[PDB]
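Q: Take a look at work_11.pdb, PDB, C-alpha atoms:
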ATOM      1  CA  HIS A   1       0.000   0.000   0.000
ATOM      2  CA  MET A   2       0.878   3.694  -0.091
ATOM      3  CA  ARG A   3      -0.087   6.457   2.320
ATOM      4  CA  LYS A   4      -3.514   8.019   1.758
ATOM      5  CA  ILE A   5      -3.472  11.771   2.410
ATOM      6  CA  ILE A   6      -6.704  13.192   3.845
ATOM      7  CA  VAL A   7      -7.586  16.733   2.746
ATOM      8  CA  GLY A   8     -10.359  18.513   4.609
ATOM      9  CA  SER A   9     -12.426  21.086   2.779
ATOM     10  CA  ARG A  10     -15.262  23.534   3.239
ATOM     11  CA  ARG A  11     -18.365  22.348   1.396
ATOM     12  CA  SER A  12     -18.758  25.338  -0.943
ATOM     13  CA  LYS A  13     -18.305  24.965  -4.694
ATOM     14  CA  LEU A  14     -15.308  27.314  -4.669
ATOM     15  CA  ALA A  15     -13.642  25.519  -1.748
ATOM     16  CA  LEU A  16     -13.961  22.055  -3.294
ATOM     17  CA  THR A  17     -12.765  23.503  -6.611
ATOM     18  CA  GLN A  18      -9.540  24.766  -5.039
ATOM     19  CA  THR A  19      -9.145  21.520  -3.090
ATOM     20  CA  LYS A  20      -9.458  19.362  -6.207
ATOM     21  CA  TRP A  21      -7.131  21.615  -8.217
ATOM     22  CA  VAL A  22      -4.394  21.322  -5.582
ATOM     23  CA  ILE A  23      -4.858  17.542  -5.532
ATOM     24  CA  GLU A  24      -4.759  17.442  -9.333
ATOM     25  CA  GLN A  25      -1.537  19.469  -9.302
ATOM     26  CA  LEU A  26       0.034  17.358  -6.551
ATOM     27  CA  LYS A  27      -0.647  14.202  -8.588
ATOM     28  CA  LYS A  28       1.508  15.377 -11.504
ATOM     29  CA  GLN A  29       4.661  14.741  -9.449
ATOM     30  CA  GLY A  30       3.990  11.014  -9.822
ATOM     31  CA  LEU A  31       4.890  10.178  -6.207
ATOM     32  CA  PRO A  32       3.328   7.248  -4.294
ATOM     33  CA  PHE A  33       0.442   8.875  -2.418
ATOM     34  CA  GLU A  34      -3.337   8.656  -2.371
ATOM     35  CA  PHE A  35      -5.562  11.697  -1.908
ATOM     36  CA  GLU A  36      -9.008  11.813  -0.329
ATOM     37  CA  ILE A  37     -11.298  14.760   0.375
ATOM     38  CA  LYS A  38     -13.174  14.738   3.687
ATOM     39  CA  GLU A  39     -15.889  17.384   3.883
ATOM     40  CA  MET A  40     -15.921  19.128   7.249
ATOM     41  CA  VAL A  62     -11.587  26.805  10.528
ATOM     42  CA  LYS A  63     -11.283  25.700  14.151
ATOM     43  CA  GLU A  64     -12.596  22.221  13.384
ATOM     44  CA  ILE A  65     -10.112  22.131  10.496
ATOM     45  CA  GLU A  66      -7.108  23.176  12.583
ATOM     46  CA  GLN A  67      -7.805  20.929  15.573
ATOM     47  CA  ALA A  68      -8.700  18.034  13.264
ATOM     48  CA  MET A  69      -5.307  18.554  11.628
ATOM     49  CA  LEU A  70      -3.599  18.647  15.030
ATOM     50  CA  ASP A  71      -5.674  15.623  16.098
ATOM     51  CA  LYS A  72      -4.370  13.897  12.897
ATOM     52  CA  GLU A  73      -7.874  13.081  11.607
ATOM     53  CA  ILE A  74      -6.960  15.132   8.519
ATOM     54  CA  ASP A  75      -3.564  15.757   6.945
ATOM     55  CA  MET A  76      -3.881  19.089   5.103
ATOM     56  CA  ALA A  77      -6.316  21.772   3.979
ATOM     57  CA  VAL A  78      -6.534  24.296   1.136
ATOM     58  CA  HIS A  79      -7.807  27.792   1.938
ATOM     59  CA  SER A  80      -7.868  31.178   0.305
ATOM     60  CA  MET A  81      -4.926  33.091   1.753
ATOM     61  CA  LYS A  82      -7.171  36.058   2.580
ATOM     62  CA  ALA A  83      -9.338  33.645   4.609
ATOM     63  CA  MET A  84      -6.385  32.332   6.621
ATOM     64  CA  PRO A  85      -6.199  33.660  10.196
ATOM     65  CA  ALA A  86      -3.268  35.989  10.793
ATOM     66  CA  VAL A  87      -1.943  33.607  13.475
ATOM     67  CA  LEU A  88      -1.804  29.829  13.140
ATOM     68  CA  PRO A  89      -1.847  27.577  16.218
ATOM     69  CA  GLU A  90       1.403  26.019  17.380
ATOM     70  CA  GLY A  91       1.982  22.772  15.495
ATOM     71  CA  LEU A  92       0.422  23.880  12.193
ATOM     72  CA  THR A  93       2.162  25.670   9.335
ATOM     73  CA  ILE A  94       1.598  26.852   5.772
ATOM     74  CA  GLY A  95       3.553  24.274   3.785
ATOM     75  CA  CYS A  96       2.919  25.587   0.262
ATOM     76  CA  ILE A  97       1.854  28.758  -1.562
ATOM     77  CA  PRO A  98       1.279  27.992  -5.263
ATOM     78  CA  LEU A  99       1.585  30.414  -8.171
ATOM     79  CA  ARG A 100      -0.478  33.515  -7.469
ATOM     80  CA  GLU A 101      -3.590  34.276  -9.490
ATOM     81  CA  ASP A 102      -4.908  37.775 -10.192
ATOM     82  CA  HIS A 103      -4.634  39.819  -6.998
ATOM     83  CA  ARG A 104      -6.912  42.706  -7.967
ATOM     84  CA  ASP A 105     -10.416  43.671  -6.962
ATOM     85  CA  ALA A 106     -12.825  43.836  -9.894
ATOM     86  CA  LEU A 107     -15.749  46.141 -10.651
ATOM     87  CA  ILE A 108     -18.815  44.807 -12.478
ATOM     88  CA  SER A 109     -21.466  47.389 -13.330
ATOM     89  CA  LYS A 110     -25.066  46.749 -14.320
ATOM     90  CA  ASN A 111     -24.812  49.317 -17.135
ATOM     91  CA  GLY A 112     -21.113  48.984 -17.964
ATOM     92  CA  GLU A 113     -19.732  52.121 -16.318
ATOM     93  CA  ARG A 114     -16.213  52.322 -14.946
ATOM     94  CA  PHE A 115     -15.669  53.521 -11.377
ATOM     95  CA  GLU A 116     -15.195  57.168 -12.370
ATOM     96  CA  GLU A 117     -18.152  56.908 -14.776
ATOM     97  CA  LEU A 118     -20.722  55.689 -12.239
ATOM     98  CA  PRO A 119     -23.426  58.327 -11.630
ATOM     99  CA  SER A 120     -23.793  60.279  -8.417
ATOM    100  CA  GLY A 121     -25.332  58.254  -5.622
ATOM    101  CA  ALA A 122     -24.468  54.978  -7.352
ATOM    102  CA  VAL A 123     -24.708  51.993  -5.003
ATOM    103  CA  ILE A 124     -21.739  49.606  -5.003
ATOM    104  CA  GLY A 125     -22.311  46.239  -3.357
ATOM    105  CA  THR A 126     -19.710  44.789  -0.995
ATOM    106  CA  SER A 127     -19.579  43.645   2.625
ATOM    107  CA  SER A 128     -15.820  44.307   2.861
ATOM    108  CA  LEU A 129     -15.029  47.453   4.836
ATOM    109  CA  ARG A 130     -11.591  47.277   3.215
ATOM    110  CA  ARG A 131     -13.167  47.561  -0.235
ATOM    111  CA  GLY A 132     -15.849  50.074   0.725
ATOM    112  CA  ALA A 133     -13.551  52.421   2.635
ATOM    113  CA  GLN A 134     -11.045  52.674  -0.223
ATOM    114  CA  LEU A 135     -13.743  53.371  -2.820
ATOM    115  CA  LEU A 136     -15.278  55.991  -0.518
ATOM    116  CA  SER A 137     -11.819  57.557  -0.243
ATOM    117  CA  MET A 138     -11.738  57.897  -4.036
ATOM    118  CA  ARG A 139     -15.364  59.091  -4.244
ATOM    119  CA  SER A 140     -17.595  60.047  -1.313
ATOM    120  CA  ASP A 141     -20.606  60.672  -3.589
ATOM    121  CA  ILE A 142     -21.294  56.922  -3.902
ATOM    122  CA  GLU A 143     -22.867  54.545  -1.393
ATOM    123  CA  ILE A 144     -21.496  51.191  -0.229
ATOM    124  CA  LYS A 145     -24.165  48.643   0.710
ATOM    125  CA  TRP A 146     -23.971  45.140   2.157
ATOM    126  CA  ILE A 147     -24.491  42.147  -0.143
ATOM    127  CA  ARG A 148     -24.389  38.389   0.384
ATOM    128  CA  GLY A 149     -23.814  35.160  -1.450
ATOM    129  CA  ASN A 150     -22.100  33.265  -4.257
ATOM    130  CA  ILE A 151     -20.165  34.898  -7.083
ATOM    131  CA  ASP A 152     -23.000  33.597  -9.260
ATOM    132  CA  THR A 153     -25.579  34.903  -6.773
ATOM    133  CA  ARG A 154     -24.171  38.436  -6.534
ATOM    134  CA  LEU A 155     -24.118  38.689 -10.337
ATOM    135  CA  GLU A 156     -27.875  38.060 -10.464
ATOM    136  CA  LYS A 157     -28.561  40.535  -7.640
ATOM    137  CA  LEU A 158     -26.659  43.120  -9.684
ATOM    138  CA  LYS A 159     -29.154  42.598 -12.511
ATOM    139  CA  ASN A 160     -32.361  42.648 -10.453
ATOM    140  CA  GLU A 161     -31.792  44.927  -7.452
ATOM    141  CA  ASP A 162     -30.821  48.408  -6.268
ATOM    142  CA  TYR A 163     -27.096  47.793  -6.805
ATOM    143  CA  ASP A 164     -25.363  49.708  -9.580
ATOM    144  CA  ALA A 165     -22.142  47.682  -9.258
ATOM    145  CA  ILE A 166     -20.367  45.075  -7.132
ATOM    146  CA  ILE A 167     -16.789  44.302  -6.107
ATOM    147  CA  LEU A 168     -15.369  40.799  -6.510
ATOM    148  CA  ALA A 169     -11.916  39.257  -6.406
ATOM    149  CA  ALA A 170     -10.580  38.690  -9.920
ATOM    150  CA  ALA A 171      -9.098  35.387  -8.722
ATOM    151  CA  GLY A 172     -12.520  34.126  -7.650
ATOM    152  CA  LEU A 173     -14.059  34.876 -11.045
ATOM    153  CA  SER A 174     -11.261  32.969 -12.785
ATOM    154  CA  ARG A 175     -11.536  29.850 -10.612
ATOM    155  CA  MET A 176     -15.289  29.650 -11.307
ATOM    156  CA  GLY A 177     -14.617  29.773 -15.062
ATOM    157  CA  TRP A 178     -15.877  33.297 -15.747
ATOM    158  CA  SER A 179     -14.853  35.493 -18.653
ATOM    159  CA  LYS A 180     -12.246  38.149 -17.992
ATOM    160  CA  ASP A 181     -14.751  40.320 -19.892
ATOM    161  CA  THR A 182     -17.361  39.777 -17.200
ATOM    162  CA  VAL A 183     -15.289  42.407 -15.376
ATOM    163  CA  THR A 184     -16.066  46.003 -16.289
ATOM    164  CA  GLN A 185     -12.829  47.325 -14.766
ATOM    165  CA  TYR A 186      -9.839  45.796 -12.986
ATOM    166  CA  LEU A 187      -8.989  47.899  -9.930
ATOM    167  CA  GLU A 188      -5.232  48.420  -9.828
ATOM    168  CA  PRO A 189      -3.667  48.574  -6.339
ATOM    169  CA  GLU A 190      -3.426  52.357  -6.752
ATOM    170  CA  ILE A 191      -7.225  52.555  -6.477
ATOM    171  CA  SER A 192      -7.938  49.569  -4.198
ATOM    172  CA  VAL A 193      -5.108  47.852  -2.316
ATOM    173  CA  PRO A 194      -6.038  44.147  -2.226
ATOM    174  CA  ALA A 195      -6.621  42.134   0.905
ATOM    175  CA  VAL A 196      -3.594  40.251   2.200
ATOM    176  CA  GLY A 197      -3.036  37.145   0.110
ATOM    177  CA  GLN A 198      -5.788  37.784  -2.432
ATOM    178  CA  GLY A 199      -5.272  35.566  -5.461
ATOM    179  CA  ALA A 200      -3.086  33.192  -3.425
ATOM    180  CA  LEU A 201      -3.855  29.755  -2.011
ATOM    181  CA  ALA A 202      -2.697  28.399   1.348
ATOM    182  CA  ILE A 203      -1.947  24.721   1.979
ATOM    183  CA  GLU A 204      -1.978  24.208   5.746
ATOM    184  CA  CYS A 205      -0.404  21.150   7.359
ATOM    185  CA  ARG A 206       1.467  20.026  10.453
ATOM    186  CA  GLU A 207       5.007  21.392  10.591
ATOM    187  CA  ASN A 208       6.378  17.991  11.670
ATOM    188  CA  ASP A 209       4.890  16.133   8.670
ATOM    189  CA  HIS A 210       8.190  16.270   6.807
ATOM    190  CA  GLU A 211       6.930  13.737   4.255
ATOM    191  CA  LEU A 212       4.005  15.967   3.270
ATOM    192  CA  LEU A 213       6.159  19.111   3.337
ATOM    193  CA  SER A 214       8.470  17.469   0.793
ATOM    194  CA  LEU A 215       5.589  16.695  -1.581
ATOM    195  CA  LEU A 216       4.352  20.292  -1.254
ATOM    196  CA  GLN A 217       7.755  21.810  -2.101
ATOM    197  CA  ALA A 218       7.438  21.363  -5.867
ATOM    198  CA  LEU A 219       4.064  23.146  -5.926
ATOM    199  CA  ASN A 220       5.436  26.093  -3.931
ATOM    200  CA  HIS A 221       6.362  29.323  -5.752
ATOM    201  CA  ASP A 222       8.586  31.482  -3.559
ATOM    202  CA  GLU A 223       8.176  34.611  -5.699
ATOM    203  CA  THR A 224       4.541  34.417  -4.629
ATOM    204  CA  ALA A 225       5.546  33.155  -1.179
ATOM    205  CA  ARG A 226       8.128  35.834  -0.341
ATOM    206  CA  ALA A 227       5.650  38.544  -1.340
ATOM    207  CA  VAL A 228       2.776  37.019   0.643
ATOM    208  CA  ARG A 229       5.026  36.490   3.676
ATOM    209  CA  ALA A 230       5.695  40.234   3.855
ATOM    210  CA  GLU A 231       1.953  40.864   3.523
ATOM    211  CA  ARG A 232       1.151  38.402   6.309
ATOM    212  CA  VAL A 233       3.681  39.893   8.739
ATOM    213  CA  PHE A 234       2.093  43.323   8.279
ATOM    214  CA  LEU A 235      -1.326  41.747   8.848
ATOM    215  CA  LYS A 236       0.014  39.900  11.897
ATOM    216  CA  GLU A 237       1.749  42.870  13.539
ATOM    217  CA  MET A 238      -1.385  45.021  13.094
ATOM    218  CA  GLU A 239      -3.807  42.299  14.300
ATOM    219  CA  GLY A 240      -5.895  42.262  11.146
ATOM    220  CA  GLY A 241      -8.397  40.086   9.385
ATOM    221  CA  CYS A 242     -11.166  39.950   6.824
ATOM    222  CA  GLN A 243     -13.480  42.095   8.971
ATOM    223  CA  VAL A 244     -10.910  44.876   9.518
ATOM    224  CA  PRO A 245     -10.347  47.597   6.876
ATOM    225  CA  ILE A 246      -6.692  46.647   6.348
ATOM    226  CA  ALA A 247      -4.908  45.875   3.097
ATOM    227  CA  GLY A 248      -1.504  44.758   1.881
ATOM    228  CA  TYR A 249      -0.093  43.772  -1.514
ATOM    229  CA  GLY A 250       3.425  42.528  -2.203
ATOM    230  CA  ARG A 251       5.225  41.774  -5.452
ATOM    231  CA  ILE A 252       8.749  40.861  -6.523
ATOM    232  CA  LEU A 253      10.598  43.478  -8.557
ATOM    233  CA  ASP A 254      13.443  42.730 -10.944
ATOM    234  CA  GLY A 255      16.456  42.311  -8.672
ATOM    235  CA  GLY A 256      14.816  40.367  -5.833
ATOM    236  CA  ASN A 257      13.294  43.333  -3.995
ATOM    237  CA  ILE A 258       9.816  43.067  -2.496
ATOM    238  CA  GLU A 259       7.501  46.044  -2.943
ATOM    239  CA  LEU A 260       4.861  46.077  -0.202
ATOM    240  CA  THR A 261       1.906  48.464  -0.307
ATOM    241  CA  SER A 262       0.128  48.458   3.065
ATOM    242  CA  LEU A 263      -3.026  50.379   3.948
ATOM    243  CA  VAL A 264      -5.389  50.980   6.872
ATOM    244  CA  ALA A 265      -8.636  52.863   6.243
ATOM    245  CA  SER A 266     -11.472  54.257   8.324
ATOM    246  CA  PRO A 267     -14.976  53.010   7.413
ATOM    247  CA  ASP A 268     -16.221  56.366   6.109
ATOM    248  CA  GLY A 269     -13.175  56.492   3.813
ATOM    249  CA  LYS A 270     -12.006  59.884   5.100
ATOM    250  CA  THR A 271      -8.871  58.553   6.852
ATOM    251  CA  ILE A 272      -6.277  56.638   4.811
ATOM    252  CA  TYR A 273      -3.030  55.392   6.342
ATOM    253  CA  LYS A 274      -0.884  54.322   3.384
ATOM    254  CA  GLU A 275       2.740  53.177   3.330
ATOM    255  CA  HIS A 276       5.058  51.994   0.550
ATOM    256  CA  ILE A 277       8.113  49.877   1.413
ATOM    257  CA  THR A 278      10.755  48.286  -0.832
ATOM    258  CA  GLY A 279      13.498  46.030   0.484
ATOM    259  CA  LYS A 280      14.918  42.514   0.571
ATOM    260  CA  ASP A 281      13.790  40.852   3.826
ATOM    261  CA  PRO A 282      10.015  40.188   3.785
ATOM    262  CA  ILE A 283       9.765  39.926   7.580
ATOM    263  CA  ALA A 284      11.592  43.236   8.057
ATOM    264  CA  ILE A 285       9.463  44.914   5.369
ATOM    265  CA  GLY A 286       6.166  43.892   6.938
ATOM    266  CA  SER A 287       7.630  44.847  10.305
ATOM    267  CA  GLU A 288       8.519  48.400   9.276
ATOM    268  CA  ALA A 289       5.154  48.946   7.562
ATOM    269  CA  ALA A 290       3.404  48.005  10.807
ATOM    270  CA  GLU A 291       5.880  49.961  12.948
ATOM    271  CA  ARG A 292       5.448  52.963  10.651
ATOM    272  CA  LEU A 293       1.649  52.951  10.359
ATOM    273  CA  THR A 294       1.203  52.304  14.095
ATOM    274  CA  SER A 295       3.191  55.443  14.923
ATOM    275  CA  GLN A 296       0.916  57.439  12.601
ATOM    276  CA  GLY A 297      -2.060  56.206  14.639
ATOM    277  CA  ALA A 298      -3.433  53.329  12.552
ATOM    278  CA  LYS A 299      -3.470  50.829  15.428
ATOM    279  CA  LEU A 300      -5.778  53.121  17.411
ATOM    280  CA  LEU A 301      -8.122  53.124  14.407
ATOM    281  CA  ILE A 302      -8.228  49.321  14.174
ATOM    282  CA  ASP A 303      -9.209  49.044  17.848
ATOM    283  CA  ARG A 304     -12.166  51.426  17.500
ATOM    284  CA  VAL A 305     -13.464  49.487  14.490
ATOM    285  CA  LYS A 306     -13.164  46.202  16.391
ATOM    286  CA  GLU A 307     -15.025  47.880  19.253
ATOM    287  CA  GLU A 308     -17.703  49.156  16.863
ATOM    288  CA  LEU A 309     -18.223  45.530  15.773
ATOM    289  CA  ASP A 310     -20.106  44.844  19.005
TER     290      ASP A 310
END
What do you get writing this file as structure tokens?

A:
Amino acid sequence: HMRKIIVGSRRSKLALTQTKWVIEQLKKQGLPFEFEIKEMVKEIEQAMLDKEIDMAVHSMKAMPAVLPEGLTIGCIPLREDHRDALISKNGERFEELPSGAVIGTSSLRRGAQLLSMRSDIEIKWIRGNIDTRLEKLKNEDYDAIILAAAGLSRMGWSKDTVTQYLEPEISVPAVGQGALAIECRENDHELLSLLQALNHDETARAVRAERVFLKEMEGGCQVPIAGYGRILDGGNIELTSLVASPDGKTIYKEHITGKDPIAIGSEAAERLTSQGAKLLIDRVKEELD
């Protein structure tokens, strides 16, 4: 026999899609292993520590800033599109949307940055599938919605479903957007070896700097915080890190370029904290109660 690797997964169509793609990619190494999905965050992690599962595949922006002792991120594959995307009901770009246009998103990070660019538009909550939000755009009060360009690609959508791709200058992406995270036990050296070939350290070094900034600022999906990293020619990491207030009238923004990803994410957090961004994040976490 050969070892059968158990991969836990959230039951959504997107989650099982990512899980099967990682398995499909891990099979091309031709190494003696079996793979098996077991439909199931805290259950996942403890199940992995309990050894009832062996690994898990998440969206990097859905990974908690801090992993429990004993678990690690053993592989970050090649990064997909990292940008937010605007889809309008009537095909307008962001600057072309009429006054009072309603843009649908539940992300304070996305809403606060758009409000910083234009305060004459409204940001309203919206729920559901990529496929569900596209129908609500057609039938409801929304004039546009914001979606991750990586999510549209994984669900097999046209790049021309997007009206406009938001460059990081307009909307700094969430930490790890477009990237996958393969979580496993840090002492499973056999699994870590299989995951090495799928890893892509140009993506990994950039995301590591993003995650340190997220970690030092105590951030998450619910907090209006953003960070995008990329490798420049020469090995340097360029990290754009941002903290915004919900009404979009306060923008802490910092650009760092260096060689050590941990030191880069450290300085961005050290720098923005001194400007008063950590005080902001506490009030927003308090407001969420």

Q: Let me know the residues the PyMOL selection byres ((chain A and resi 22) around 10) catches in the file above, as JSON, numbers by chain.

A: {"A": [16, 17, 18, 19, 20, 21, 23, 24, 25, 26, 27, 77, 78, 98, 201, 203, 216, 219]}

Q: Save out the residues we just selected, C-alpha atoms, as a PDB file, keeping the file's coordinate frame.

A:
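For reference, out-v5.pdb as written:
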ATOM      1  CA  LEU A  16     -13.961  22.055  -3.294  1.00  0.00           C
ATOM      2  CA  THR A  17     -12.765  23.503  -6.611  1.00  0.00           C
ATOM      3  CA  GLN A  18      -9.540  24.766  -5.039  1.00  0.00           C
ATOM      4  CA  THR A  19      -9.145  21.520  -3.090  1.00  0.00           C
ATOM      5  CA  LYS A  20      -9.458  19.362  -6.207  1.00  0.00           C
ATOM      6  CA  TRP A  21      -7.131  21.615  -8.217  1.00  0.00           C
ATOM      7  CA  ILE A  23      -4.858  17.542  -5.532  1.00  0.00           C
ATOM      8  CA  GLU A  24      -4.759  17.442  -9.333  1.00  0.00           C
ATOM      9  CA  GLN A  25      -1.537  19.469  -9.302  1.00  0.00           C
ATOM     10  CA  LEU A  26       0.034  17.358  -6.551  1.00  0.00           C
ATOM     11  CA  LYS A  27      -0.647  14.202  -8.588  1.00  0.00           C
ATOM     12  CA  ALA A  77      -6.316  21.772   3.979  1.00  0.00           C
ATOM     13  CA  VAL A  78      -6.534  24.296   1.136  1.00  0.00           C
ATOM     14  CA  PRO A  98       1.279  27.992  -5.263  1.00  0.00           C
ATOM     15  CA  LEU A 201      -3.855  29.755  -2.011  1.00  0.00           C
ATOM     16  CA  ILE A 203      -1.947  24.721   1.979  1.00  0.00           C
ATOM     17  CA  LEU A 216       4.352  20.292  -1.254  1.00  0.00           C
ATOM     18  CA  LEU A 219       4.064  23.146  -5.926  1.00  0.00           C
TER      19      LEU A 219
END

Q: Please write as a PDB file with C-alpha atoms, keeping the file's coordinate frame the full residue list that the PyMOL selection byres ((chain A and resi 67) around 12) yields on this file.

A:
ATOM      1  CA  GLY A   8     -10.359  18.513   4.609  1.00  0.00           C
ATOM      2  CA  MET A  40     -15.921  19.128   7.249  1.00  0.00           C
ATOM      3  CA  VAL A  62     -11.587  26.805  10.528  1.00  0.00           C
ATOM      4  CA  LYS A  63     -11.283  25.700  14.151  1.00  0.00           C
ATOM      5  CA  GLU A  64     -12.596  22.221  13.384  1.00  0.00           C
ATOM      6  CA  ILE A  65     -10.112  22.131  10.496  1.00  0.00           C
ATOM      7  CA  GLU A  66      -7.108  23.176  12.583  1.00  0.00           C
ATOM      8  CA  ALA A  68      -8.700  18.034  13.264  1.00  0.00           C
ATOM      9  CA  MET A  69      -5.307  18.554  11.628  1.00  0.00           C
ATOM     10  CA  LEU A  70      -3.599  18.647  15.030  1.00  0.00           C
ATOM     11  CA  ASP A  71      -5.674  15.623  16.098  1.00  0.00           C
ATOM     12  CA  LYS A  72      -4.370  13.897  12.897  1.00  0.00           C
ATOM     13  CA  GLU A  73      -7.874  13.081  11.607  1.00  0.00           C
ATOM     14  CA  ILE A  74      -6.960  15.132   8.519  1.00  0.00           C
ATOM     15  CA  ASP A  75      -3.564  15.757   6.945  1.00  0.00           C
ATOM     16  CA  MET A  76      -3.881  19.089   5.103  1.00  0.00           C
ATOM     17  CA  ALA A  77      -6.316  21.772   3.979  1.00  0.00           C
ATOM     18  CA  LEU A  88      -1.804  29.829  13.140  1.00  0.00           C
ATOM     19  CA  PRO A  89      -1.847  27.577  16.218  1.00  0.00           C
ATOM     20  CA  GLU A  90       1.403  26.019  17.380  1.00  0.00           C
ATOM     21  CA  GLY A  91       1.982  22.772  15.495  1.00  0.00           C
ATOM     22  CA  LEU A  92       0.422  23.880  12.193  1.00  0.00           C
ATOM     23  CA  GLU A 204      -1.978  24.208   5.746  1.00  0.00           C
ATOM     24  CA  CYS A 205      -0.404  21.150   7.359  1.00  0.00           C
ATOM     25  CA  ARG A 206       1.467  20.026  10.453  1.00  0.00           C
TER      26      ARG A 206
END

Q: Provide the atom CA of residue 166 of chain A to atom CA of residue 121 of chain A distance in Å, to one decimal place.

A: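 Distance reported for this atom pair: 14.2 Å.
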
Q: Once you count only C-alpha atoms, what closest atom pair and distance in Å to one decimal does each residue of segment 95-141 of chain A within 12 Å of segment 226-232 of chain A have, with rows by chain and rising residue number, as a Markdown table?

A:
| residue | atom | partner | partner_atom | distance |
| --- | --- | --- | --- | --- |
| A:96 | CA | A:228 | CA | 11.4 |
| A:97 | CA | A:228 | CA | 8.6 |
| A:98 | CA | A:228 | CA | 10.9 |
| A:99 | CA | A:228 | CA | 11.1 |
| A:100 | CA | A:228 | CA | 9.4 |
| A:103 | CA | A:228 | CA | 11.0 |

Q: Using atom CA of residue 257 of chain A and atom CA of residue 294 of chain A as the two end points, give the distance in Å to one decimal.

A: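 Atom-to-atom, atom CA of residue 257 of chain A and atom CA of residue 294 of chain A are spaced 23.5 Å apart.
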
Q: Care to translate the PyMOL selection byres ((chain A and resi 275-290) around 6) into actual residues of this file, as a ChimeraX atom specification?

A: /A:230,233-234,257-262,274,291-294

Q: Take atom CA of residue 30 of chain A and atom CA of residue 81 of chain A and report the distance between them in Å, one decimal.

A: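 Calculated distance between atom CA of residue 30 of chain A and atom CA of residue 81 of chain A is 26.5 Å.
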
Q: For residue 83 of chain A, which residue out of A:160, A:271, A:296, A:243 is the nearest one, using all atoms listed in the file?

A: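 So, comparing all the options, the nearest one is A:243.
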
Q: Find the residue from A:266, A:9, A:126, A:174 that sits nearest to residue 305 of chain A; use all atoms listed in the file when measuring.

A: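 Using all atoms listed in the file, residue 305 of chain A sits closest to A:266.
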
Q: Closest to residue 137 of chain A among A:107, A:300, A:272, A:158, using all atoms listed in the file?

A: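 Among the listed residues, the smallest separation from residue 137 of chain A belongs to A:272.
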